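Take a look at this single chain in structure tokens; it is the form solved without ligand 4SX.
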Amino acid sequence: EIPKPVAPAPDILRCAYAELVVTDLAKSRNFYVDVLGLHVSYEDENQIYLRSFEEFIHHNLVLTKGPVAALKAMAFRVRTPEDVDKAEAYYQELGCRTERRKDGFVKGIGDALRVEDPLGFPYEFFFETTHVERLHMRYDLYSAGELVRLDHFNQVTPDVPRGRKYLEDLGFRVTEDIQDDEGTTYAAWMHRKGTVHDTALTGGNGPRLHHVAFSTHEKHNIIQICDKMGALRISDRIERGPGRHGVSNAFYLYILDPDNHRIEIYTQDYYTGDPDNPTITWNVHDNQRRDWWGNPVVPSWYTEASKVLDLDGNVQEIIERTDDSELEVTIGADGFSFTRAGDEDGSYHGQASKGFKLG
């Protein structure tokens, strides 16, 4: 169990950007810029810095050339410069590796702290950042599949209740989670900015990065990404969706970048900013919890996630989940899912919904 420090937590505003290592920068550029239409704040031959349509801070995504594709840093912005110091004291009290760089780790970011957190994740906290031209009314640039904000991260970790307590001490508020009747937690969502989440925990072998998610304005914008990938004949890179989420109620799509880093596109979740925001728990066997329409969850969605790096640039060793597997208990050979609680009609035994089994 991760202890609550005496030191006060930093005041986290929101997820702000992710730094991903990619193996072929030009190919990653094609994906994020030519396919997805993200905007370039800066680039050279080792790094592409990218922002969403509505962003005013320097970037939401840094692509860094490197030998092994992995998450290099998930960054959260904090309220004040003093919160970066608060974050340092907090994590040092946790006994975690910290690195402070007064002019930051990537361009466009100032004084920054990176930590190897209790769950083995490279987190960054910073306040100082270079303001750029906010493109929110730049409809001359607006794509039919326009990504407008960065919404959240999703982390794979073996012991969700352990991680959850830690993120709660750190100030994140749990909004929705998935459990069963035997006390196992499979996933939790938690926020700071007043949307359904800024980060989430998905149970599995970790530390691994499940995905980074971007918002669009409307549902048809997500459809268009799909239609565009069809025209470019890269529909094999649509992993799962599009659909309506049960948890979070967002319209959604999951796609895979050239290094298999998973990107979610997401719109129209709900407001969570009140402190007594009602929490929602779904049962793991509820076939509407992930896809509200009952469409089957793709097995790669449960098994695949990106490596994460430590502060030396080396891959974190993965620890295996010993809690029950969401995959096994829902769509595996001994799995079960229902459409209506207690109704055999519209239930699935030992297979996925809509007539499929695992390949």
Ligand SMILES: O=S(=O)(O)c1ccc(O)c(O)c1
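Residues carry their position along the shown sequence, with the first being 1.
Just so you know, the form deposited with ligand 4SX bound exists too; it's not on screen, but the next bit is about it.
Interface membership of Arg289, defined by any non-hydrogen atom within 4.5 Å of ligand 4SX in the deposited bound form, is confirmed. Under a 4.5 angstroms non-hydrogen atom cutoff, ligand 4SX in the deposited bound form lacks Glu146 among its neighbouring residues.
Proximity of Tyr166 to ligand 4SX in the deposited bound form falls outside the 4.5 Å heavy atom cutoff. Although the partner is absent here, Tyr266 lies within 4.5 Å of ligand 4SX in the deposited bound form, judged by heavy atoms. This chain is drawn without ligand 4SX; in the deposited bound form, the residue among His197, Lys72, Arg114, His261 with a heavy atom within 4.5 Å of it is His197.
Only one of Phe172, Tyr254, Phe105, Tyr90 lies close to ligand 4SX in the deposited bound form, with a heavy atom inside 4.5 Å, and it is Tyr254. Three-residue candidate spot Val84, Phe127 and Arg192; no residue lies within 4.5 angstroms of ligand 4SX in the deposited bound form by any non-hydrogen atom. Residues within 4.5 angstroms of ligand 4SX in the deposited bound form, judged by any non-hydrogen atom, belong to 244 to 252 and to none of the other stretches in 117 to 125, 270 to 278, 93 to 101, 244 to 252.
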